[PDB]
Every structure is written in C-alpha cells, then in structure tokens.
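Trainee: Sequence lines, in order, name chains B and A. Heads up: the first sequence runs through residues 4 to 214, 229 to 428, numbered per the deposited numbering. According to the deposited numbering, the second sequence is numbered sequentially starting from 0. Here a beta-carbon is modelled for each residue, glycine too, at the ideal position from N, C-alpha and C.
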Amino acid sequence: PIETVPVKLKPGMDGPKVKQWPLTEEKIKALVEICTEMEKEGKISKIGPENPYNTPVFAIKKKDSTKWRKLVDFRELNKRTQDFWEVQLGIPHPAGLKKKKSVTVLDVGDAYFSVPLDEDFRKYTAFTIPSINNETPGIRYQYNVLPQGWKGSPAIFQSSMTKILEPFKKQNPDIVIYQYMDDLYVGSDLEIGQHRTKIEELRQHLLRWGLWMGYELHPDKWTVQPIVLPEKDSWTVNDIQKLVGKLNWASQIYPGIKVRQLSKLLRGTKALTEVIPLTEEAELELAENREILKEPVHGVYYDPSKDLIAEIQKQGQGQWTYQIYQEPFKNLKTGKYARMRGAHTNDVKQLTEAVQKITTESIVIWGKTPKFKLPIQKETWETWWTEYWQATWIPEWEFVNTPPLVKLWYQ
Amino acid sequence: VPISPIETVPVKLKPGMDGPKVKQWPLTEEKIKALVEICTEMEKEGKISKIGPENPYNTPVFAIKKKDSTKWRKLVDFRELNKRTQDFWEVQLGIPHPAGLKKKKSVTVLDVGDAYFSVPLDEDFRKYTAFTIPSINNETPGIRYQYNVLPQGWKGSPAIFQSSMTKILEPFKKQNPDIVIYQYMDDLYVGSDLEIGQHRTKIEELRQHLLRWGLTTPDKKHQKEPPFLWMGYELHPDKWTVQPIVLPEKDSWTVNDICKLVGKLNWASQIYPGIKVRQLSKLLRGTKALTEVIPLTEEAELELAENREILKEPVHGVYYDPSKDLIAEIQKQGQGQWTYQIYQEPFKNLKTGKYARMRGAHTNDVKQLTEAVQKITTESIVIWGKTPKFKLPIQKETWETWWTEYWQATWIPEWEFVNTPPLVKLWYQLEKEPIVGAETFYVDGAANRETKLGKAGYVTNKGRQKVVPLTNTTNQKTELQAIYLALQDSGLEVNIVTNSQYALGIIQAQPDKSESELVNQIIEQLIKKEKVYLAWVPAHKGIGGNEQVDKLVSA
DNA sequence: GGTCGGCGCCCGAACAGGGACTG
DNA sequence: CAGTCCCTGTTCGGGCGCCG
Numbered sequence: 004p005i006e007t008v009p010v011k012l013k014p015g016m017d018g019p020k021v022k023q024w025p026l027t028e029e030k031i032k033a034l035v036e037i038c039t040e041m042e043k044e045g046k047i048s049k050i051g052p053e054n055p056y057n058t059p060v061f062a063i064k065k066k067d068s069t070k071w072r073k074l075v076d077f078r079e080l081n082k083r084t085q086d087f088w089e090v091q092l093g094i095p096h097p098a099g100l101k102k103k104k105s106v107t108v109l110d111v112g113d114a115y116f117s118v119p120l121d122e123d124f125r126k127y128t129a130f131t132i133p134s135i136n137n138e139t140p141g142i143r144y145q146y147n148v149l150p151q152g153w154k155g156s157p158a159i160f161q162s163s164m165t166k167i168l169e170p171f172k173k174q175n176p177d178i179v180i181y182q183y184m185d186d187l188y189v190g191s192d193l194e195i196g197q198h199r200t201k202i203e204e205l206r207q208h209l210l211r212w213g214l229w230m231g232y233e234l235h236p237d238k239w240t241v242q243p244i245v246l247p248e249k250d251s252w253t254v255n256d257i258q259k260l261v262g263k264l265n266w267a268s269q270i271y272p273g274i275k276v277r278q279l280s281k282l283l284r285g286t287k288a289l290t291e292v293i294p295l296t297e298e299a300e301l302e303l304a305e306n307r308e309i310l311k312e313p314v315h316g317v318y319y320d321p322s323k324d325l326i327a328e329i330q331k332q333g334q335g336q337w338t339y340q341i342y343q344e345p346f347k348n349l350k351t352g353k354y355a356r357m358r359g360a361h362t363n364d365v366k367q368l369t370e371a372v373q374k375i376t377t378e379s380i381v382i383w384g385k386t387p388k389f390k391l392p393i394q395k396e397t398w399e400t401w402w403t404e405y406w407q408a409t410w411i412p413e414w415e416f417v418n419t420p421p422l423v424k425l426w427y428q
Numbered sequence: 000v001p002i003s004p005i006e007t008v009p010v011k012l013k014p015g016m017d018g019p020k021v022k023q024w025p026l027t028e029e030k031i032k033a034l035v036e037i038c039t040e041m042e043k044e045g046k047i048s049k050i051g052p053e054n055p056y057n058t059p060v061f062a063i064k065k066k067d068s069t070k071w072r073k074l075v076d077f078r079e080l081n082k083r084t085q086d087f088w089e090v091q092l093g094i095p096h097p098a099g100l101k102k103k104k105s106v107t108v109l110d111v112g113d114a115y116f117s118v119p120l121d122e123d124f125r126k127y128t129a130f131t132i133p134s135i136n137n138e139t140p141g142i143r144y145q146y147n148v149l150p151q152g153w154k155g156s157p158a159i160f161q162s163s164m165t166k167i168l169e170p171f172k173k174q175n176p177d178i179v180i181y182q183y184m185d186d187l188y189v190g191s192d193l194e195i196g197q198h199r200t201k202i203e204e205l206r207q208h209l210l211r212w213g214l215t216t217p218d219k220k221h222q223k224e225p226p227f228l229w230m231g232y233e234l235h236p237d238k239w240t241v242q243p244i245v246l247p248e249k250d251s252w253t254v255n256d257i258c259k260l261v262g263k264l265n266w267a268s269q270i271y272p273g274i275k276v277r278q279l280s281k282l283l284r285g286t287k288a289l290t291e292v293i294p295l296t297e298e299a300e301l302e303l304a305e306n307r308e309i310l311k312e313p314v315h316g317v318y319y320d321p322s323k324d325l326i327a328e329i330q331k332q333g334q335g336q337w338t339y340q341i342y343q344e345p346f347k348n349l350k351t352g353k354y355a356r357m358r359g360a361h362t363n364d365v366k367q368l369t370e371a372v373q374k375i376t377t378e379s380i381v382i383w384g385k386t387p388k389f390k391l392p393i394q395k396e397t398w399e400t401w402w403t404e405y406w407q408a409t410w411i412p413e414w415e416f417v418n419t420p421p422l423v424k425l426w427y428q429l430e431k432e433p434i435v436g437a438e439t440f441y442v443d444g445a446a447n448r449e450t451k452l453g454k455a456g457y458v459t460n461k462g463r464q465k466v467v468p469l470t471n472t473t474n475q476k477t478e479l480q481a482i483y484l485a486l487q488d489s490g491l492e493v494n495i496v497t498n499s500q501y502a503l504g505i506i507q508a509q510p511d512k513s514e515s516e517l518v519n520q521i522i523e524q525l526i527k528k529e530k531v532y533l534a535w536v537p538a539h540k541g542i543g544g545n546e547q548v549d550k551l552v553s554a
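1) Would a C-beta distance cut-off of 8 Å place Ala-508(A) and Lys-331(B) closer than the cut-off?
2) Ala-360(A) lies in the alpha helix (DSSP H); which residues open and close that run?
3) Among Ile-522(A), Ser-515(A), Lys-550(A), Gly-155(A), which has the Cα closest to the Cα of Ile-506(A)?
4) Less than 8 Å between the beta carbons of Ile-37(A) and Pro-119(A), yes or no?
5) Closest Cβ-Cβ distance between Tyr-441(A) and chain B: below 8 Å?
6) Could you check whether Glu-478(A) and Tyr-501(A) sit closer than 8 Å to each other, using their CB atoms as the reference points?
7) Since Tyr-56(B) meets chain A, which of its residues come closer than 8 Å, beta carbon to beta carbon?
8) Taking C-beta pairs closer than 9 Å, name the residues in chain A that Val-372(B) reaches, listed in chain order.
9) Taking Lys-20(B) and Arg-83(B) to be in contact with their CB atoms under 8 Å, please state how far apart those CB atoms are, rounded to whole angstroms.
10) Go ahead and pull the three-state DSSP assignment for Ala-445(A).
11) Do you know offhand how far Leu-74(B)'s Cα is from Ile-411(B)'s?
12) Go ahead and pull the three-state DSSP assignment for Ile-393(A).
13) Please name the residue or residues paired with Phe-416(A) in a DSSP beta bridge.
14) Between the stretch 248 to 259 of chain B and the stretch 284 to 304 of chain B, are three or more C-beta pairs nearer than 8 Å?
15) So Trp-266(B) is in the alpha helix (DSSP H); what residue range does that whole segment cover?
16) For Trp-24(B), which of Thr-131(B), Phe-160(B), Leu-120(B) has the nearest alpha-carbon?
17) Any C-beta of chain B sitting closer than 8 Å to the C-beta of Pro-345(A)?
18) Are three or more beta carbon pairs between the stretch 175 to 189 of chain B and the stretch 103 to 113 of chain B nearer than 8 Å?
19) Does DSSP classify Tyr-319(B) as helix, strand or coil?
20) Give the interface partners of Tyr-181(A) over in chain B, defined as CB-CB distance under 7 Å, in chain order.
21) Please list the segments of the beta strand (DSSP E) lying wholly inside the stretch 438 to 494 of chain A, counting only runs of 3 or more residues, in order along the chain.
22) Suppose contacts are defined by Cβ-Cβ distances below 8 Å. Is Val-552(A) in contact with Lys-454(A) by that definition?
23) Which runs of the beta strand (DSSP E), 3 residues or longer, sit entirely within the stretch 236 to 293 of chain A?
24) Mind listing, in chain order, the continuous beta strand (DSSP E) runs of no fewer than 3 residues lying wholly within the stretch 281 to 365 of chain B?
25) Among the residues of its own chain, which have a CB less than 6 Å from the CB of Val-381(B), if the five just before and after it don't count?
26) What residue does the alpha helix (DSSP H) around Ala-502(A) start on, and which one ends it?
27) Please return the same chain residues whose Cβ sits closer than 6 Å to the Cβ of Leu-310(B), not counting the five positions on each side in sequence.
28) In whole angstroms, what separates the C-alpha of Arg-211(B) from that of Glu-204(A)?
29) Any idea which residues DSSP pairs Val-276(B) with across the strands?
30) Given a threshold of 16 other Cβ atoms within 10 Å of its Cβ, counted over all protein chains shown, does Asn-136(A) qualify as buried or as exposed?
31) Spell out whether any CB of chain B is found under 8 Å from the CB atom of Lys-281(A).
32) So, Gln-394(A) versus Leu-422(A), is the Cβ gap smaller than 8 Å?
33) I believe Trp-406(A) touches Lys-388(A) by the beta-carbon criterion, under 8 Å. Please report the beta-carbon distance rounded to the nearest angstrom.
34) At the 8 Å Cβ level, is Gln-145(B) part of the contact set with chain A, yes or no?
35) Taking C-alpha atoms, which residue in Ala-355(B), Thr-139(B), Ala-62(B) lies nearest to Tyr-405(B)?
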C-alpha cells in the first residue's frame, strides 16, 4: 500500500541491453535458490522475450561470509538514469566522514525490498539466469521492488532512511552516517570498543524497522605515496640516466623540476657502470628537486562535476601503486598497496582486491566511484574478476597497456 | 476462432511505424498448388483466417522443399515486418554440447510436429501478418489470410516459442525433479536414472502433458533405442560422435568452397584432435570474389591431406562424470596454432578443440598459451560450470619468471607441467642491471616525413661508431634499425641506451614472433646474446652520446 | 531456396587513440 | 601551439559451419 516514486530514463536513451556472461555451477545454484525465494516473496516475477532489456547477474560472497549474495551489474542502467539520483534526489556527502578514527560499513540492501518500484520502470530491471551446458533457455525475471545495486534505490529510500536514522542521530550527534548504494557508512571518533557497541545499537535500531554484517575502516591512517628520489652516495652513468628520466617525467606534475645541470653530467659517451662525480651545480639541482617533491602540487582540488579516474601500476613483489585524479597530472590522492590476498601467486586477485580498496576510499572521501585504467588484458580480466569480487558495487573500468617508463611511483 | 490453451505473448510494433505493405512476388505454378493446398488446410485447423479489404497490410510469401519429403514448408518474407517489429531479447544463450551430458539409465528423444503452428500469436498483432496467395491465373484476385499462430520467418517466432515451451515444461519438471529435460527449440532430450519401466510411464505422462496445450509428439520422431540422433550427434550408452561429415573433393577450388571446407573442419575439430586450418585460411586473405577460383598451395594441400587422414579413423567422446576432476591438456601445434583435449580419464576425451587467433603484431608463446587457457576456461564453464585443471607444456619456473616480471596483470589457474615437446619457454631475458665490462651503445635514429629518408647508427664508449642511410622508412623503423645495429656489431654482452619508447615497448614484452621482419631480426639477434641491458633516456636533453649521435642521425 | 533466432570460426575495412614531429 | 602520420589495437560487417 505504498505509493511508487515515478522514475524515467535520461532523455533520448533506451534501456540496457547487456548479454549475460557464463556462470559457474556454484553461482547458478545460489541464484536459483535466491530467485525462487524472492519470487515467492513477490520481490521479482518471471517475464518473457517481449522485454528487450537485460542486465547481467552473478553471485558473490563478502569477506568472511558463507552466504551467497545476488549481485546485478546495473552499471549500464545507472548510466542511463544518471539525472534522477543527482538532480532530483541527490544525497549530500559529509566531508567529515573521511576524518573519523573508525568507519564501519553495513549492507542495508535488504531494506530496499520493502518499497515497490514504479510499474513503468520495471521493464528495465530485467535479467536472465543461464543454465549449465544450455540445458534450458534463459529463465528471465524482473524486479517488483527497489533492486539492490541500482543507484535509484537509495535515492527513493532516502526519505524513509532519514526518518529511521533521526532518533539515532539525535542521541549521537557527533557520529556521521553516509549511505552509498546498498551500504551504510558509520564513522565516529570513539574508542574502538565503544565504537562497535554503537554499531550494535544501530543494528538493533534498524532491526526494529524491518531490516547484518560489518566491515571496519580507518581513514585517519590512510597514507599517500609521494615521488621519492634515491639517496645514493656514489652515482653511475646508469643511475643518473634513470634519475634524469624520472625527473623529466615528474616535471609534468611539478613544473619547477629542472634537469639542465644533471643531464650535463651525461654528455660524454660513457659506460653505464662508470662512476660519475656530481658537480656543484648538479648537487644543488638535485636537492632543490627533492624539495619541490615535498611541496604539494599547485592548483589541485576536487571538482564535484568531474568524474574520478584511477590508474594502477603493477610494481611486482606484491606491490601495487595507484593515483586518483580528475585532470591529468592533478592527482587528488596517491598510494600503494602491499601484501594483499593472493600476493606472490595471483595477479588477478591482487588487482581485484586493489580496485575494491581504491573504490572504497573514493566513496569515503568524495562519494564517487572512479573509472579505472586497469593494467591487464581485457580477456584476462573478464574471465577471473568475478571469482574474487567481494563488494556490492561495481566501478567502471577500461584496459590500458603502458609498458614501464621510468618506474615513477615506486623505487 | 477458438482460444488456444497456451497463453499468448503480447507483441507491439516500434513506436511511430505502421505495418508492412509489400506486393507479392511472381510464383511458379508448382509452388502455387503447394501453398493453396496448405493454406486451405491451415484455415480448416484455425491457424489462418480470411481477411477482407479492411486489412491494408500485405507481405510476400513463398515455399521451399522439405529435406527428404514430398511435403512443402510455408515461409513468409517478413523482412519489412522484422524491421518495424519491437526488439526481442533472445532466451537461447547458446548451444548444448553432448560432453556436458551425464550418464543416465534411460534416454528418450522426441520432436513436436509443427512447433511454430502450435503456439498462438497475439490477438492484437494478427492484423500485421497479412499475406496474399496467388492463384493459378494472374487475373484471379487471390485469397488473403492472416496468421493465428507463430509464422516462420518472423524475428520473434523463435524467442516466443522457446519461452512459451519452457512455461509448459515448468509444472512437469516441478513435479519430476530428478528427470533431466534438455529443451532446445522443439527438440526434447528426456533422461532419468529411473528404471526402464517407470521411465516410459513418465514419458507418456509428458506426451499427455504437452498434449493438453496443443503440442503433438508423433511416434515417427519418437526415439526409444540407441543410438539417438540429438543436435546432430550420435548418442550411444557409453560414447558419442558427430554425424558423418563429408568434405568436398573439388578438383578446382573456389573461395566459397574453402569457406565450406573451413566451416566443416572447425565443426569436426570438436572431437577429431589435430585439425589444422592455418594454411587453408591463408587462401581466404585478401580475396574479393566468392566465386573466384584459387589454386591450393603446397602447404595447403599437405594440410588438407592430413585432415582427410584424421577423418578416416573413427573417434568418439565420453560423457561427463561429476565425481571426477576435469583435466585439459594443451599442445603447441604450429606457429600460432594450439590444440587441447578436455578429459577426466586418460585418452577418454570429453571433447577436443583448437585455438589459433593471432592477437597483435608482436607476441610470444607464453601470451598465446595464456590466451588458450582463457578460451578453454570460458568454454568449460559454459559446458560443465567449472574450470578444469590444466596440463601445460611450460616449465613451472618458466611461467614463474614470466608473470612475476610482466607489467600487466596475468595469471593461470591451477595447472601442472607436462613434458610434451615442443616446450613453451622464454627465448631471451633482459638484464635488470647494466652489465659491467660490456660495451655501451648509444643508438637512436630519425627520418624525414617527406623524403622518407633517414639514418640509423650508434656510438659506443670504446669509440666504435656506425651510421647507415635508409630509404623509404619511418621514424619508428629507424629507431628499431638502430638497436638492430647495436646488437649486430656487439659481443655476447652489450648495454644499449635508446630514447625510443616505441622500440623499447616492443622488446620488453619479450616477443618471439612478429609481423615485421625487422623485429624478427632483432629477436634472432637477442637470442644469440648472453646478456642484454636496455635503457631509456629522454631525447633532446643532451644525454651522453645520445645527443652526439642524434646529431649524426638528424637528416 | 535466397525466412528467422542462437552459437562458433575467419577475414578486412572502418573506427580510435596514443606518440613524435612540424606550421 | 594544433595539425598530421606512424603505429597498434579494437570493433563490426559478412562469409561459412552447426542446431531448431
């Protein structure tokens, strides 16, 4: 008996028509049990081929989670409904969430099943369940309620969400609560003990309205990866050549970098292993360039109207560096990940883990998910990335093939 | 007109477009009798109904012969209706494969007669399926009908029938969970581990369940004894094989004959191991006419003779046993060709295949092997829903060196090394640090966009030097030619300093084959070396001799 | 015959995006 | 400076195979 919020696509843009990719046996069995249960609860309903729209579907298991979780790749549908959840029913991003000592994430996706969906918009939430060896044709469904993983679900439920959080925000005014996709980010400067206690208070405060796990974060301990020059006492031709190439590349970000006096040391056709003493004018150019790398880049600030872009570099030995930016060489944040799951054995698991960590930080700091430039072949990524995904959202990505230049971001 | 027991599928036209209005083709008098005989019978059965002048729509219609039968099939040229009809999402995601079938006690196969004619069309959509049937005389106005069922030739007919058929089979499969039903269009593969007595009972229950909705299961297409003819295979209680494939024996080969030859060789490669179509596909490149006669090359004639000798022996595949692991083993066949076998017990192949797609201008065997593993994995998840364990002709240390040092993310699933020559290895390794006591070559080259002329050469720390003039070349080709000179005129250990990102980006990928002959010559020189160290420095910065030589290789 | 849908392969032409050089 | 072009990679259009 709830009124439906009317939702439309962006003008001059048809619904999503993305094919379903093959799924493993453990994923198909989990999707059939969930969909049959969801159809029994009226959350979804079967459809036919007269609906020309479709969205891929697969299943995941979150970190240390035994229960399967249905996930829909609504990235194409979210691109075609962008004006709804930004212009009309936007969610403000709290700039203090990134400053909390501890931030916990809660999957509130089960609450969206309580609100019905607009009848005219249900045609676009269509999805197909595949069968092993194509035993049976596609078993198609469509959503009758607010689907999990659709950017229009938290916007419609936002009014209902604020009224549920109002008694808790009043008792705890210093706690910051942000809602992105099917997740709820709760941050507080309390001690780690009383923090988890307040989380359980919010869990029971949400259970009494019809809604369970938790994933902790610590944004105050997030570090950046600056550009560092080696501290050698004896320099060879090969050392200074790599140093000049690194400084020449870094000059695109810090315009004050000079390589005039340094590249003068490499003027004779010398052997690479030959030791070269640094001139007086070169020792000053190096120390000054070290000081410019300590300074912050001039004119770098976040623009809410621009999309975020994240580049990742494979440094080997389980090392992975990354940079977030909106305009080239105007990096909003840099960093490096090390010793993640699958280190020294599985590159795809490490890359999947890195993308999840980066996207999570992008939500806490700016409330956006970046578009990734992944250092991997398209066929390699699209084969294994679903095997290691542990998040309810999916960022956009493209595939790059940039051979290593002068190892800029890692010594 | 009576109401069909099957629920109809609501179909619309695309917004802002009207039905088809096309004139009928001139038909032969032998096809006219075949259509009037069928149209008068379909009208009696309620499948088509007469229409008057109030229907302003019309579409062409014809008929083709049925294979191995005197009956004719009615087809409608709905090419104009398909353009203006709404888009449909096809539910047929793929084709079933016998290797994915499990051993069942009893097996039954049946086909529904006239499947499309047993499923009704939308009531509001029957008006757009209007056609004219010409008479034996051109002056006769002709009889005009409209379809009450699914017409053949419409772009929505297969998608509608596949979904409507599944909805009828859902209550039966809900009551009989242990019965496996492979539904592909109208072909039904029914199997169960029930005893042969209760099996035929469930079969007759299904033939009556389908009968309640207007689906007839004739005993002509009924199959109770092996071998079963299913999806173009021969299903035996313990093995399976494709139906006999016939290759043309043309004395003169056209381009279309090779396309039919390659098409059946690819279809045969799923169970016949070792099929190669490398030299036969080299006959299709750069050709324009389908009817153009092309002679067979010596490498193509040898490849065809080997494929014909493989097809002489009988091969068979087994069924899938979920209790045992899945194993896939790959072999390096030719330059750019790969073959694999998926099996659970040794020499009892579930299916075979091949991979030979050339990706990029420069590559190595490790890249091509990784691409093959990915093609096999996706193919395996389609058929069995799991990834097999791989037996790869590559050393564990060889792969370990590759993926740990590559700048791209790359990975292979759980695999083990099989010692089947030829082995996939890396042919050369670029040192990580500069070589002490090795001559240092500062290369680089340039060219002119207009004259297409350029120079390429090097200067070393020992005073060695060379500059070679080049004609009809580019800036990229000269930078490669410079490194090739440094390799040619150096010892077994050499340090090479370049400023070409392009040249460096190709060599660091460790390719062993390229489409450019200059790259292959650089590869051949790298294999002869013992220690090679490349290094990139920015240009126009006055860096070492790389500025002194950049002035020598300016013009 | 010159109907429809699905999947697979092989090819070339059109598209497209980055790097070095030039008015 | 923006304009090319040299290069490489991708995407799609069209032929065949196979099934219904």
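Mentor: Quick answer:
1) As a working note, residue 508(A) is residue 509 in the second sequence. As a working note, residue 331(B) is residue 314 in the first sequence. No, they are not a contact pair.
2) Taking the first residue of the second sequence as 1, we reach residue 360(A) at position 361. Run containing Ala-360(A): none; DSSP gives neither H nor E here.
3) Mapped onto the second sequence, residue 506(A) falls at position 507. Checking every option, the nearest Cα to that of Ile-506(A) belongs to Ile-522(A).
4) The sequence position of residue 37(A) within the second sequence is 38, counting from 1. The sequence position of residue 119(A) within the second sequence is 120, counting from 1. Not closer than 8 Å, so no.
5) Within the second sequence, the letter at position 442 stands for residue 441(A). At least one CB of chain B lies nearer than 8 Å to the CB of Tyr-441(A).
6) Taking the first residue of the second sequence as 1, we reach residue 501(A) at position 502. Taking the first residue of the second sequence as 1, we reach residue 478(A) at position 479. Yes, the pair counts as a contact, with Cβ atoms nearer than the cut-off.
7) For the purposes of this step, residue 56(B) is identified with residue 53 of the first sequence, where counting begins at 1. The answer, in chain order, is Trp-88.
8) Along the first sequence, read from residue 1 onward, the residue named residue 372(B) stands at position 355. Residues of chain A whose Cβ lies closer than 9 Å to the Cβ of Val-372(B) do not exist, since the nearest Cβ in that chain is about 11 Å away.
9) Within the first sequence, numbered from 1, the residue matching residue 20(B) stands at position 17. Within the first sequence, numbered from 1, the residue matching residue 83(B) stands at position 80. Not a contact, Cβ separation roughly 11 Å.
10) Sequence index remark: in the second sequence, residue 445(A) carries index 446 (1-based). Looking at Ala-445(A) - three-state DSSP - the assignment turns out to be strand.
11) Position 71 of the first sequence, counting from 1, holds the residue named residue 74(B). Position 394 of the first sequence, counting from 1, holds the residue named residue 411(B). Near 9 Å, if we compare the C-alpha coordinates of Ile-411(B) and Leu-74(B).
12) Taking the second sequence and counting its residues from 1, one reaches residue 393(A) at position 394. Note: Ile-393(A) maps to strand in three-state DSSP.
13) Reading the second sequence from its first residue, position 417 is the one you call residue 416(A). According to DSSP, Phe-416(A) bridges with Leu-391(A).
14) When C-beta atoms of the stretch 248 to 259 of chain B are compared with those of the stretch 284 to 304 of chain B, three or more pairs fall below 8 Å, so the two segments count as touching.
15) Position 249 of the first sequence, counted from the start, is the residue given in the question as residue 266(B). Start and end: 254 to 267.
16) Here residue 24(B) refers to the residue found at position 21 when the first sequence is read from its first residue. Measuring from the Cα of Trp-24(B), the nearest candidate turns out to be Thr-131(B).
17) Your numbering for residue 345(A) matches position 346 in the second sequence. No, its Cβ sits nowhere closer than 8 Å to a Cβ of chain B.
18) They touch, by the three-pair rule.
19) Along the first sequence, one-based indexing puts residue 319(B) at 302. Reduced to three states, the DSSP call for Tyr-319(B) is coil.
20) As a working note, residue 181(A) is residue 182 in the second sequence. Chain B residues near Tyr-181(A): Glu-138.
21) Counting only runs of 3 or more residues that sit fully inside the stretch 438 to 494 of chain A, the beta strand (DSSP E) segments are 438 to 441, 444 to 446, 452 to 459, 464 to 470, in chain order.
22) As a position in the second sequence, residue 552(A) is number 553, starting the count at 1. As a position in the second sequence, residue 454(A) is number 455, starting the count at 1. A contact, by the Cβ cut-off of 8 Å.
23) Correct list: 239 to 241.
24) Within the stretch 281 to 365 of chain B, the complete beta strand (DSSP E) runs of at least 3 residues are 326 to 333, 336 to 342, 348 to 355.
25) The residue you call residue 381(B) lines up with position 364 of the first sequence. Correct list, in chain order: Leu-100, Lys-101, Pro-236.
26) Counting from one through the second sequence, the residue named residue 502(A) turns up at place 503. Start and end: 500 to 506.
27) The residue labelled residue 310(B) in the question sits at position 293 within the first sequence. The beta carbon of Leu-310(B) lies closer than 6 Å to those of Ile-244 in the same chain, with the five residues before and after it left out.
28) Taking the first sequence and counting its residues from 1, one reaches residue 211(B) at position 208. Taking the second sequence and counting its residues from 1, one reaches residue 204(A) at position 205. Between the C-alpha atoms of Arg-211(B) and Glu-204(A) there is a straight-line separation of about 50 Å.
29) Looking up residue 276(B) in the first sequence gives position 259. Note: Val-276(B) sits in no beta bridge, so no partner.
30) Your numbering for residue 136(A) matches position 137 in the second sequence. Its Cβ having fewer than 16 others within 10 Å, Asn-136(A) is exposed.
31) One-based indexing of the second sequence puts residue 281(A) at position 282. No, no contact with chain B.
32) Looking up residue 394(A) in the second sequence gives position 395. Looking up residue 422(A) in the second sequence gives position 423. Yes; because the gap between Cβ atoms is below 8 Å, this pair is in contact.
33) The residue given as residue 406(A) occupies position 407 in the second sequence. The residue given as residue 388(A) occupies position 389 in the second sequence. By a beta-carbon distance limit of 8 Å, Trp-406(A) does not contact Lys-388(A). Their separation comes to about 28 Å.
34) Walking along the first sequence from the start, residue 145(B) turns up at place 142. No, its Cβ sits nowhere closer than 8 Å to a Cβ of chain A.
35) Position 388 of the first sequence, counting from 1, holds the residue named residue 405(B). Closest by alpha carbon: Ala-62(B).
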